[PDB]
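Q: Sharing entry29.csv, CSV, C-alpha atoms:
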chain,number,residue,atom,x,y,z
A,1,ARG,CA,-34.0,-35.1,-4.4
A,2,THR,CA,-36.4,-35.9,-7.2
A,3,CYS,CA,-36.6,-37.6,-10.6
A,4,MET,CA,-38.7,-36.5,-13.5
A,5,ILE,CA,-40.3,-38.6,-16.3
A,6,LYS,CA,-42.1,-37.8,-19.5
A,7,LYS,CA,-45.9,-37.8,-19.0
A,8,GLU,CA,-46.7,-37.4,-22.7
A,9,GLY,CA,-49.7,-39.7,-22.2
A,10,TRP,CA,-51.3,-36.7,-20.5
A,11,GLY,CA,-51.0,-34.3,-23.4
A,12,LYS,CA,-48.5,-31.6,-24.3
A,13,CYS,CA,-48.1,-28.8,-21.6
A,14,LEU,CA,-48.9,-25.1,-21.9
A,15,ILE,CA,-47.2,-23.8,-18.7
A,16,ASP,CA,-44.6,-25.2,-16.3
A,17,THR,CA,-46.8,-26.3,-13.4
A,18,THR,CA,-49.8,-27.5,-15.4
A,19,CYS,CA,-47.8,-30.7,-16.0
A,20,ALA,CA,-46.6,-30.8,-12.3
A,21,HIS,CA,-50.2,-30.9,-11.2
A,22,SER,CA,-51.0,-34.2,-12.9
A,23,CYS,CA,-47.6,-35.4,-11.7
A,24,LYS,CA,-48.2,-34.8,-8.0
A,25,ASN,CA,-51.7,-36.1,-8.2
A,26,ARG,CA,-50.2,-39.2,-9.8
A,27,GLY,CA,-47.8,-39.5,-6.9
A,28,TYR,CA,-44.9,-37.2,-7.8
A,29,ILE,CA,-43.3,-34.1,-6.3
A,30,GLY,CA,-44.1,-32.1,-9.4
A,31,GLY,CA,-43.5,-32.1,-13.1
A,32,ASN,CA,-42.3,-29.9,-16.0
A,33,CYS,CA,-43.2,-28.9,-19.5
A,34,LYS,CA,-40.5,-29.3,-22.2
A,35,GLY,CA,-41.0,-26.8,-25.0
A,36,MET,CA,-38.6,-28.7,-27.3
A,37,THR,CA,-41.2,-31.5,-27.3
A,38,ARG,CA,-44.2,-29.8,-25.6
A,39,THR,CA,-44.4,-32.7,-23.1
A,40,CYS,CA,-45.3,-33.0,-19.4
A,41,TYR,CA,-42.7,-34.3,-17.0
A,42,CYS,CA,-43.1,-35.3,-13.4
A,43,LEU,CA,-40.5,-35.2,-10.6
A,44,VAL,CA,-40.6,-37.8,-7.8
A,45,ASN,CA,-38.7,-38.4,-4.6
A,46,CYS,CA,-35.9,-40.3,-6.3
Could you show the structure in this file as structure tokens?
A:
Amino acid sequence: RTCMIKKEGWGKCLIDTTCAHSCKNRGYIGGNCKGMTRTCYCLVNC
């Protein structure tokens, strides 16, 4: 399982993994990039 948050403090996202990168490195399973708000999300083992 996993939970994603909004990593808007990192800067909008251009792809779908670009955000996941910062997420993992931060300590997450991955992340996402919402086009509706161009923000970076990060999934964690939640």
Q: Counting all atoms listed in the file, figure out which residue out of A:19, A:14, A:44, A:3 gets nearest to residue 32 of chain A.
A: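 Comparing A:19, A:14, A:44, A:3 against residue 32 of chain A, the winner is A:19.
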Q: Can you work out the spacing between atom CA of residue 46 of chain A and atom CA of residue 1 of chain A in Å, to one decimal?
A: 5.9 Å
Q: Residues within 12 Å of segment 21-26 of chain A, please, as a short mmCIF file (atom, residue, chain, number, x, y, z; two decimals) with C-alpha atoms, in the coordinates of the input. Count all atoms listed in the file; anything in the same chain fewer than 6 positions from it doesn't count.
A:
data_model
loop_
_atom_site.label_atom_id
_atom_site.label_comp_id
_atom_site.auth_asym_id
_atom_site.auth_seq_id
_atom_site.Cartn_x
_atom_site.Cartn_y
_atom_site.Cartn_z
CA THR A 2 -36.40 -35.90 -7.20
CA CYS A 3 -36.60 -37.60 -10.60
CA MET A 4 -38.70 -36.50 -13.50
CA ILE A 5 -40.30 -38.60 -16.30
CA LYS A 6 -42.10 -37.80 -19.50
CA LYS A 7 -45.90 -37.80 -19.00
CA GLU A 8 -46.70 -37.40 -22.70
CA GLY A 9 -49.70 -39.70 -22.20
CA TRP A 10 -51.30 -36.70 -20.50
CA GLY A 11 -51.00 -34.30 -23.40
CA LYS A 12 -48.50 -31.60 -24.30
CA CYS A 13 -48.10 -28.80 -21.60
CA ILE A 15 -47.20 -23.80 -18.70
CA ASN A 32 -42.30 -29.90 -16.00
CA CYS A 33 -43.20 -28.90 -19.50
CA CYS A 40 -45.30 -33.00 -19.40
CA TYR A 41 -42.70 -34.30 -17.00
CA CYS A 42 -43.10 -35.30 -13.40
CA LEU A 43 -40.50 -35.20 -10.60
CA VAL A 44 -40.60 -37.80 -7.80
CA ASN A 45 -38.70 -38.40 -4.60
#
